[PDB]
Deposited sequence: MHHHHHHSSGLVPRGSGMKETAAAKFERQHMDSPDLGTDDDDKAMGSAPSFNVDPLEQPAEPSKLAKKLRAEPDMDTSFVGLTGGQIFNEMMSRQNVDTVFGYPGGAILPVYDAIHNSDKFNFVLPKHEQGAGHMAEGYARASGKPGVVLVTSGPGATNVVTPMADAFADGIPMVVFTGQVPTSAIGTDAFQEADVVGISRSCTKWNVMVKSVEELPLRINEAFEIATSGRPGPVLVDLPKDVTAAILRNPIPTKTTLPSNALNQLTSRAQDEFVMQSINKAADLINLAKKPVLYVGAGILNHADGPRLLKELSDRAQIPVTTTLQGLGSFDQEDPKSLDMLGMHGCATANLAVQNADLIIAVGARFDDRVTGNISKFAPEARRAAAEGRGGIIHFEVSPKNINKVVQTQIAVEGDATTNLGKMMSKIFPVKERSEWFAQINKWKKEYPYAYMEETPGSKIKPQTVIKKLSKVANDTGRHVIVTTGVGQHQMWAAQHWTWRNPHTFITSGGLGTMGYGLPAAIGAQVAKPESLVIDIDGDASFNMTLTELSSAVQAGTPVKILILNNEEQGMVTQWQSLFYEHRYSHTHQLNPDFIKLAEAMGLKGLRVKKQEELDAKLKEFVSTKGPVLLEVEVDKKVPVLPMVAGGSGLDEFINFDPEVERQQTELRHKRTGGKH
């Protein structure tokens, strides 16, 4: 038994457990139900507290913080609307496997189930969007629940967890000693089984003639992931493609880089995947934005599997994602990085793959990320902004972190930025939450105070959570907000152009003056609309001390390409064509009655 907490309130015990869980930052917003805990963390030296203007912001900040630091993001909000306001961030963290512990205040246990003031069944509401949740029934179990929450959030596939805290529990004084284990954080047959699958994976890899590494976020859940990935890639001469969430795990400057695959992935990455005899999936879940039409996915690997000379190998940590989308030949369970390390010595060094590399190189010259570049008098092109910013940012020599909103700017940031470092791309992929950009950048900056943190946002996405601009000033986070303003919900207008004969239904919102907004919010505001001024503005943007927002007026109705949609296979993509763009433009003006 442990009696060291006897005499303390639940709130004080909460405060105490934070330092035991190595928590240095908490994102939250005060409220009645959670007051006992706030009174306990008042002036606390155990951690920095970050206050947003809206709980959703606290949630996204916590995600960005977790994505940038590798530590779970901690949220502390009140009951009722406080808790319902964090459902989106939880669903978002759940989709992208982000470690987060959400503490929600709750009405007194005696008022639960009486439709009490600011009462919500948060445990019920968040059941499907948390790896686990619970309502603390007594102060005696507060330490146990906190410890279980942190452990569950950061293990297996990371994810969000919620802990409901009744006000009478946090205000209550602990009058009983409690088990020592509940107050302290944290099979040979199985090991042999994993080692057996590792040997099978090695044998299969040593047999491959056209292998491809399909890499995702999982490789970033271990400090040595990128390093071991590169070792394997070099040792067996295997080209590497990453998902949107795997960007930064592999140096794109390396000859063996295939760039991103998927719906809007590089044509070369998609073609390599469709023609590979062996796909080595590492920390990726084969989501529907990556596979294209599943029945058309990886035909050559499927053919090789039927002939027992290839197929798909999957390094997955969660049983839920093993053989959930496609049949795999070998599943290596557990942490990918760890398993890559164990397999390495069994992989035969390869001298070269001239044919495979030659084929891949022909595709690279044939299918670059082409787009309609600037022309005299034309508006600035969004893709051009990303390419230029990437260069300017990288040249500073500083550690760079990029967050984004959801939409075309997001895809263009993914395609045209040159990814080289682990944990430098923080974006909402699974749930695709517009508004993620700003708050995520604020959280990321708190995690890495010395990094140059850039939010490449869209105008519609930015509007969702622009109130957090004042939070950036109050928090002292010198974030660089970039708004690629096309005065439209681009992602949606693109789909409307393609599948709904150019009928833009409610996808054009009236924007506020972003520069005046920035100034009203307390930061520097910059705007650029002329090609000749882009370079200077990007320069000023990056070198400005303090938070700053830069709006770039960009061309409208520009589609993201290449694109694989509907029943198309990864190799049946739409490619950029200047002539077609011009024809589609004319067709658009007619159909919209000249409105767009």
Problem set entry | Missing segments of the deposited chain sequence, listed N- to C-terminal | 1 to 74, 261 to 267
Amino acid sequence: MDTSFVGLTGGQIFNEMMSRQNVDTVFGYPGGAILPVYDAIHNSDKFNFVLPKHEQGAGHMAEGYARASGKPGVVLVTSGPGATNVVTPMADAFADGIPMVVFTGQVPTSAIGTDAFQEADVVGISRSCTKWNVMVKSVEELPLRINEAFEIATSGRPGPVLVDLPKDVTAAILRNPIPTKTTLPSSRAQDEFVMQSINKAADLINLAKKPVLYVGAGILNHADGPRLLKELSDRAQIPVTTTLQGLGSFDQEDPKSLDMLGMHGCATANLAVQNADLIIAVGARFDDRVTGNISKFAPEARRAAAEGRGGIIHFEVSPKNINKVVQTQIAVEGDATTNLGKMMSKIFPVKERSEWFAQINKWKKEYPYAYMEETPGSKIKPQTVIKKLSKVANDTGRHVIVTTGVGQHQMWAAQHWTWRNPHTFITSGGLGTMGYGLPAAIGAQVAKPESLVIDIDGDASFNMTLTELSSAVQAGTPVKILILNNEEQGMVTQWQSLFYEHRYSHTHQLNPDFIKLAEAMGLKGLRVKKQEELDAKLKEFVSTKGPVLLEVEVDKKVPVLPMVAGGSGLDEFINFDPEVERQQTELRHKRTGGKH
From here on, numbers count along this sequence of modelled residues.
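Rigid core (definition): largest C-alpha set, two forms, superposition within 1.5 Å.
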Problem set entry | Greatest C-alpha divergence in 8 other deposited structures of this protein once each structure is fitted on the rigid core, 243 to 251 or 111 to 119 | 111 to 119
Exercise. So if we fit everything on the core, which stretch drifts more in 8 other deposited structures of this protein, 507 to 515 or 276 to 284, C-alphas only?
Worked result: 507 to 515
Exercise. In at least one third of the other PDB entries compared, is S187 left unmodelled?
Worked result: yes
For this session: Output the stretch having the higher mean C-alpha B factor in the entry; the candidates are 407 to 415 and 251 to 259.
Result: 251 to 259
For this session: Identify the stretch, either 452 to 460 or 338 to 346, whose C-alpha atoms have the larger mean B-factor according to the entry.
Result: 338 to 346
For this session: Between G311, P160, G430, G113, let me know which has the highest C-alpha B-factor in the entry?
Result: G113
For this session: Would you mind finding, among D92, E501, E316, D164, the residue with the largest C-alpha temperature factor in the entry?
Result: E501
Exercise. If you rank every modelled residue in this chain by C-alpha B factor, which third holds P81: lowest, middle or highest?
Worked result: middle
Seminar exercise, completed: Here the Cα B-factor of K557, set against its chain, lands in the third termed middle
For this session: Quick one: classify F286 as lowest, middle or highest third of the chain based on its Cα B-factor.
Result: lowest
Problem set entry | Lowest, middle or highest third - CA B-factor, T25 | lowest
Exercise. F357's Cα B-factor: lowest, middle or highest third of the chain?
Worked result: middle
